[PDB]
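Protein chains in written order, with my numbering: chain A, 9 to 225; chain B, 7 to 220.
Every residue gets a Cβ at the ideal spot worked out from N, C-alpha and C, and that includes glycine.
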Amino acid sequence: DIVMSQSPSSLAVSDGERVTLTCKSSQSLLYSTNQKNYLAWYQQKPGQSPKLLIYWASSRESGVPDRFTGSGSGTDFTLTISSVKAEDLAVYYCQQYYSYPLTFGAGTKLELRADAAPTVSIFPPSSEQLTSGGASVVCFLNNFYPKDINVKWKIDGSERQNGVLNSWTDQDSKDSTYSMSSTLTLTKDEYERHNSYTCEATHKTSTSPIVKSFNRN
Amino acid sequence: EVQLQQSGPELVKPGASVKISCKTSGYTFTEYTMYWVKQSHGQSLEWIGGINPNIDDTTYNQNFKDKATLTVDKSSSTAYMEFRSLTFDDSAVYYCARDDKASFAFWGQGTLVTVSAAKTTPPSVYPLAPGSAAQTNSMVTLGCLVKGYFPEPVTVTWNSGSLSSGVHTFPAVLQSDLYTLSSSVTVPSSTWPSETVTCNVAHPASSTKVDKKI
C-alpha cells in the first residue's frame with residue numbers, strides 16, 4: 009500500500025507569518041496521460057467536518073481564500089499559506105487518490121506563543137474520599153507552555169508509575185496556554201503506610217526541576 | 007448545497023451490531039459513489055471502504071475484513087453501514103464521504119459510537135481543598151473530582167455560572183469501564199474561606215444534580 013509521512017508534527021506560529029507544510033509519498037503519484045497529481049489537502053476544524061482546500065496539489069477550490077496555495081508534483085507536496093488568521097487553528101491532512109486502498113496522513117497542527125510556567129497546584133486528599141475505600145491525590149499543571157512536559161510521581165523517595173492518570177487539554181483562547189492534570193489513585197491502607205508524597209515535573213524553560221511535596225501527618 | 011444527515015450517538019453493548027445511516031438530499035443517488043472514513047485517536051483518519059449504488063461495486067480495506075459490509079437504498083436515497091463483532095478498539099467517530107468529483111468531496115456530521123460493558127451510574131463528587139495553612143501566592147486554587155459516571159458528558163459549572171472566568175475543564179479518561187474528570191478554577195484570597203464556593207455537576211442521562219460546598 010502507498011504510505012505517506014508528514015513533517016513536522018507540530019510548530020508554533022504567530023499571526024501573519026508564512027506556514028509551509030510537507031507531505032511525502034513513498035511512490036510517484038503522477039499520472040502520465042494528463043500530468044495530474046492525485047493528492048488533495050484536507051482541513052478539519054475542532055467540532056466540524058473535514059473540508060478540502062487544494063485539489064490536484066497546485067490549484068485552488070472555489071470558496072477557499074487566496075492565502076491557501078499549493079505546489080509540488082510527483083513526490084514532494086507543499087502547502088504554503090501566505091498570511092494566517094485567527095480562524096486558521098485547524099488540523100491539516102493530505103490524502104492520495106492514486107491507488108486502492110486509500111491512506112491518510114499523520115496530521116499537522118499549528119500552535120501559538122509563548123512563555124507560560126506553573127509553580128504549585130498540590131491538593132491533598134479530602135475526608136470524603138477515604139470513606140469510599142480509596143484514596144486519590146491529584147496534580148494539575150495550569151498555565152504552562154509548551155505541551156512537551158514530563159510528570160513524575162514520587163512516594164517517600166521511591167518512584168511509582170502504576171495508577172497515574174494523565175489528561176492534557178487544548179490551547180486556550182484567552183492567553184494561548186495549556187493545562188494538564190495528573191491523578192494518582194490508590195487504595196486506603198497504602199495511603200496510611202506512607203507520609204510524604206512528592207509531585208515532580210521537569211520543564212524546558214527552567215534549568216532546575218520544580219520540587220514540591222506535602223506531608224500526611 | 008448538499009446535505010449529509012447521519013444518525014445520532016448510540017449506546018451499544020459489546021457483541022451486538024450497530025447500523026449507521028447517511029441520508030442524502032439535493033442530488034441524485036445513482037450517479038456518485040459514497041465512501042466511509044473512520045476517525046480514531048482524535049486526529050488519525052482510517053479509510054473504511056466504498057460502494058457504487060448503481061452497479062453494486064463493493065471494496066473494503068484489509069483492516070475491515072469481515073467487519074463492514076456496505077448497503078445502499080435505491081428507494082429512500084440513503085446509505086447504510088453495519089458493523090459485526092464489535093470490540094473495544096471500535097470506539098471511533100465515523101463519517102460518510104460523498105465522492106462528487108476529483109476536485110471536492112463532501113462530508114457529514116459524524117456518528118459518535120462508543121462501546122462499553124457498562125451501566126449508568128450517578129456521579130460521586132468530592133470537594134478538594136489545600137491542606138496548607140499559608141501560601142506565597144495571592145491566588146488560591148480549588149477544585150472537585152468527578153468519579154464514577156456513565157455516559158458522556160457532564161456539564162461542570164462554578165457558582166451557577168457567575169464564576170465563569172478562569173475555568174479549566176480536563177478531558178475524561180476511561181478507567182474500569184467508567185470515565186473520570188476534574189476541574190480547576192482560580193480564586194483570589196480575599197474571599198476564601200470567608201466566602202464559600204460550590205461545585206455544580208449535572209448528568210442529564212441520570213437526572214441527578216448534587217451541589218458540594220467547599
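| message | Would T88/A pass as an interface residue toward chain B - the criterion being a Cβ-Cβ separation below 8 Å? | response | For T88/A, the nearest beta carbon of chain B is not closer than 8 Å to its own beta carbon.
| said: My output table needs one value for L92/B: the three-state DSSP class, helix, strand or coil. | reply: Residue state, collapsed to three classes: coil.
| query | Listed in chain order, which residues of the region 107-120 of chain A have Cβ atoms closer than 9 Å to some Cβ of chain B? | reply | Listed in sequence order: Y108, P109, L110, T111, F112, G113, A114, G115 and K117.
| field | the region 162-176 of chain B contacting the region 203-214 of chain B, beta-carbon criterion three pairs below 8 Å | value | Remark: three or more beta-carbon pairs, one from each stretch, lie closer than 8 Å, so the region 162-176 of chain B and the region 203-214 of chain B are flagged as touching.
| field | Given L118/A as reference, the closest of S187/A, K93/A and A124/A once Cα atoms are compared | value | Comparing Cα positions, the closest option is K93/A.
| query | So, is the C-beta of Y132/B closer than 8 Å to a C-beta in chain A? | reply | Closer than 8 Å to the CB of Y132/B there is at least one CB belonging to chain A.
| Is it a yes or a no for the region 20-33 of chain A touching the region 91-105 of chain A, going by three-plus beta-carbon pairs under 8 Å? | With a cut-off of 8 Å on Cβ pairs, the region 20-33 of chain A is in contact with the region 91-105 of chain A, counting three or more such pairs.
| query | Which stretch, first to last residue, makes up the alpha helix (DSSP H) that contains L138/A? | reply | For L138/A, the enclosing alpha helix (DSSP H) starts and ends at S135 to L138.
| When DSSP labels each residue in this structure, what does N165/B get in the three-state scheme? | Here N165/B carries a helix assignment [DSSP, helix/strand/coil].
| query | Under the rule that 16 or more other beta-carbon atoms within 10 Å means buried, what is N45/A, buried or exposed? | reply | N45/A counts as buried, since at least 16 other C-beta atoms from the protein chains shown sit within 10 angstroms of its C-beta.
| message | If you reduce the DSSP assignment to three classes, tell me which class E16/B lands in. | response | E16/B falls in the strand class under three-state DSSP.
| request: Compare the C-alpha of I54/B against each of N60/B, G48/B, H47/B and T65/B and name the closest. | output: Here the closest residue by C-alpha is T65/B.
| said: As a quick exercise: from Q179/A, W64/A, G71/A and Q169/A, pick the residue whose alpha carbon is nearest that of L97/A. | reply: The shortest C-alpha separation from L97/A is found at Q179/A.
| query | Per the contact definition of three or more C-beta pairs closer than 8 Å, is the region 190-197 of chain A in contact with the region 139-158 of chain A? | reply | Inter-segment contact for the region 139-158 of chain A and the region 190-197 of chain A is present: three or more beta-carbon pairs are separated by less than 8 Å.
| In this structure, does DSSP put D197/A in helix, strand or coil? | Three-state result, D197/A: helix.
| request: Indicate whether at least one CB of chain A lies closer than 8 Å to the CB of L76/B. | output: No, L76/B lies away from the interface with chain A (no Cβ there is under 8 Å from its Cβ).
| task | Output the distance between the C-alpha atoms of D183/B and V99/B, rounded to the nearest integer angstrom. | result | Whole-angstrom Cα-Cα distance: 19 Å.
| query | Are the Cβ atoms of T127/B and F156/B separated by less than 8 Å? | reply | Taking a C-beta distance under 8 Å as the contact criterion, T127/B and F156/B qualify as a contact pair.
| Beta-carbon separation (whole angstroms), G80/A vs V99/A, contact threshold 8 Å | Not really, about 20 Å apart at Cβ, beyond 8 Å.
| task | Please state if the CB of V121/B and the CB of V18/B are separated by a distance shorter than 8 Å. | result | Contact: yes.
| query | Should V146/B and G172/B be called a contact, given that it needs their Cβ atoms to be closer than 8 Å? | reply | It is not a contact, given that the beta carbons lie outside the stated cut-off.
| Beta-carbon gap between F110/B and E69/A smaller than 8 Å | Cβ distance < 8 Å, so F110/B and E69/A count as in contact.
| field | Cβ contact check for the region 157-165 of chain A and the region 199-216 of chain A: 3 or more pairs under 8 Å | value | With contact defined as three or more Cβ pairs closer than 8 Å, the region 157-165 of chain A and the region 199-216 of chain A are in contact.
| Short-range partners of chain B found in the region 129-150 of chain A, where Cβ spacing is below 8 Å | Of all residues in the region 129-150 of chain A, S129, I130, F131, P132, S134, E136, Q137, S140, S144, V146, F148 and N150 have a Cβ within less than 8 Å of some Cβ in chain B.
| request: Taking only the alpha-carbon atoms, compute the straight-line gap between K44/B and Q9/B and give it to the nearest angstrom. | output: Spanning the two alpha carbons is a distance of roughly 19 Å.
| Taking only beta-carbon atoms, is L47/A less than 8 Å away from chain B? | False, the Cβ-Cβ gap to chain B never drops below 8 Å.
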